[PDB]
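**Q**
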Amino acid sequence: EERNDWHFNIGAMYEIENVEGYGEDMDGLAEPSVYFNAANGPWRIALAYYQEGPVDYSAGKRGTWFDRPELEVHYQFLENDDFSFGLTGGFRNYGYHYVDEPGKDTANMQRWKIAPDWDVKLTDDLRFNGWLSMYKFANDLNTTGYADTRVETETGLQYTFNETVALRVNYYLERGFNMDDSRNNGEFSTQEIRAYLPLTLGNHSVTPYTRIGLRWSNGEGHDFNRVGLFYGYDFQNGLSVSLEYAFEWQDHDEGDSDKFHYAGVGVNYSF
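Numbered per UniProt numbering, the sequence shown spans residues 22 to 235, 237 to 240, 249 to 301.
1) Between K125 and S154, how many whole angstroms is the CB-CB distance? I'm expecting something under 8 Å.
2) Please report the straight-line C-alpha distance between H95 and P137, rounded to a whole angstrom.
3) Relative to the C-alpha of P75, which residue among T144, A69, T85, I66 is closest?
4) In whole angstroms, give me the CA-to-CA distance for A69 and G249.
5) Which of the three DSSP states is assigned to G62 in this structure?
6) In the DSSP assignment, what residue or residues form a beta bridge with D138?
7) Under 8 Å between the Cβ atoms of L220 and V190?
8) Any idea what DSSP makes of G197, helix, strand or coil?
9) Check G166 in the structure and name its three-state DSSP category.
10) Is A80 buried or exposed, if buried means 16 or more other CB atoms sit within 10 Å of its CB?
11) In the DSSP output, which residue or residues are listed as bridge partners for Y217?
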């Protein structure tokens, strides 16, 4: 059926950028990103573009730029009030440029995203959800050393705490395997727990992120629960601003050229 609604969603994202800074002998790099979402009934399109606009200072010879086009296809299947259905898609492609030794030095690879949506209502205060992200398209002749074609599993549950306070959990599962190789335990299986609690209150959106630690790696790395933070402010409802803040890993190093913070800023709008 052709559902009627018509809705658009456009947002952006930047890190630091030439706006707020303090230093007369150092600088960083800003990576501006864009997002374009189109809502048309059961069919929901979503795409995102990347870019880079750092400060030039005569690095090598020429400046070679590179972009990464991303697409997505959302589809609603539905079935019952308790259990729902859906279909999600994605398109990833990266271009390779080698201006060091000309001679038809160029590769070609793609990435198909396929992750359906599953919903299961067990109670009025218990919302279950799960979806497996599969990636298949390119063979990766050089990237074969790690991965290229494999299936992933990422579930997500929602538990309502209060009328103006909710909770959300997520279980990440990594997977790896070659197209065809005589192995017994070559496949990799990693697990990462990540949860966030959505807090809706007036014109202020704050969804803290929880991350457990002290359950992996020899040395120390993870600590405390609240490591992430999701901000949200809409001075006009439609237009809002989201900010991602983290506090994981230890900051014990020095430099004078490279530097990356643990925060993020972005915008969102609807037509």
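We put the beta carbon where it would ideally sit given N, CA and C, even for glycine.
**A** Based on what the coordinates show:
1) In fact, because the Cβ distance is near 34 Å, the residues do not count as touching under 8 Å.
2) 9 Å
3) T85
4) 37 Å
5) coil
6) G107
7) no
8) strand
9) helix
10) exposed
11) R189, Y230
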